[PDB]
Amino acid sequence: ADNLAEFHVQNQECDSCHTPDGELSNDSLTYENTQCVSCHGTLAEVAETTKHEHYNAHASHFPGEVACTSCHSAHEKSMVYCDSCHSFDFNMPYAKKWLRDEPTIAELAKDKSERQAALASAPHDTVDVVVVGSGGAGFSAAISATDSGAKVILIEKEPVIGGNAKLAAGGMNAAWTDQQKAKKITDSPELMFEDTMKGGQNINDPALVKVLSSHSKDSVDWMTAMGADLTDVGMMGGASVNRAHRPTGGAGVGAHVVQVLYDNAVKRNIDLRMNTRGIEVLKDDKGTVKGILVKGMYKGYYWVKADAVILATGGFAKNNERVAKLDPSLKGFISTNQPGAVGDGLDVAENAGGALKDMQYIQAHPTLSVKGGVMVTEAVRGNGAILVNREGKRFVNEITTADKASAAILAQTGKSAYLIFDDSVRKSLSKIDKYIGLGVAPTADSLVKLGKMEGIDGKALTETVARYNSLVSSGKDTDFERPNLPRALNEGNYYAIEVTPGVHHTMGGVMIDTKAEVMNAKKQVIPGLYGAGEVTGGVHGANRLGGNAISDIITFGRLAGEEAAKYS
């Protein structure tokens, strides 16, 4: 067969997959996937037949109900979504190499003669709020607005939900939570505020950070009330105390949080449309939003009439060309992001009249696994790992900010460093088992062996750990002044993860006020237009603190959802 449909049509009718009229049920291909499931079983059940020791196409960390058509198209060869970050040994029938080729919003100007057509038609739907983007902000905003009584349509341009949010690992910052107090941590919203302002070099908009710190405990409560487990509280860089909340044992905060929001959305029957890209915010003749034109991958262009559009589209850290224009030093770097985190949501906010701010501050995460091409959480260092260079020496306060950590690693020989930890660190953070599973955490029972495996002087490495452990014992890092020394690295085996900075987060984005309203260049609110999450600028100034983005998208998404419901 040349394609999956052709393969099946040797012994099946078209309506084995299609509706009776043959029309695609919708852009999520809900009906069609239901047919794949009716014969092949759920994803879990498919997974059983495709196990590999350390990976499985059908049993991934992606939350929500991942459609089969996310990777298996019927009438054309299709791409494996995991190939956008990994290079696992897959043999998907009818596959084609991963290649993201999505027109920019500007390029879709080529469809004027179909967009105009769409805009002249009746709206496909009429609701109160359209939320664009199914990351943490979008889901929060959809839920929020629905809880407030608004009818929402939540759209997602990828075949899968979660954006970058589902990849999040280290934690969601919040101060003065019950979760913290359960752990004997003392903190305060003013402390979180102060950490964030200095972490962002005082570029941050103070009123936005006030929302961020003051709403954080509320955001953690809200999530917890929805089913989230944010009881593990870890240390992230640039933080005075542990406040990065995450699931018990130190599991990824992101997949979990997005999973909860998704289940909550499903429970509220929120209309969630996959393969549906927001293209252009529609304004009436008085300049308030009147809807949004979207491009359904299978239904084409259509618009939704709504009083409020909440842009929750994430950042542009995967778009290296845009990143390079704003920060020429990040050009050619690998990104930790999902494939569609390319800034099309900012273009949509900009075409609507939203002004942008702080675009030039683009965060590189210091520790992208060299081997794996994926983010290794800062929580690894927060929980006690150290960084060592090829020379086998520490060279930086590993819990400093992402900007200082990146520059320090890039100044090491080979422009990469090694996270070094033991079984005590491993065991304190379950997320580290995911890296051992990826094959990116080589291990050995001695640092000499470990260094010889990775090309780190073993004897230097061994002295470095012994030196580090002493400092942990004495309670002060006089070498690099790492202010939190949670654990000696002397339990069980030792592990090394080769790391180098990757593009990660765009701290710049659409200008919003404390009600998450998008402002134009003359600082005027554009009625009905809201922005939440990484698509906004001003929250994190020049350097976002680890944990603050997940705090931010829940806080701002919830807030946008409420404000929009209310605005109506």
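Note that residue numbering begins at 1 and tracks the sequence as displayed.
Judged by mean Cα B factor in the deposited record, 45 to 53 ranks above the other of 508 to 516 and 45 to 53.
Higher average CA B factor: 473 to 481, of the stretches 206 to 214 and 473 to 481. Residue set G373, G162, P339, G455: peak C-alpha B-factor at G455 (per PDB entry).
Residue set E156, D232, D89, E280: peak C-alpha B-factor at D89 (per PDB entry). In the PDB entry, a CA B factor belonging to the middle third of its chain's modelled residues is recorded for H58. When the CA B factors of the chain's modelled residues are split into thirds, the value for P189 lands in the highest one.
When the modelled residues of the chain are ordered by C-alpha B-factor, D263 sits in the middle third. Per the deposited record, the Cα B-factor of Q524 falls in the highest third when ranked against the other modelled residues of its chain. The deposited CA B-factor of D83 belongs to the lowest third of values across its chain.
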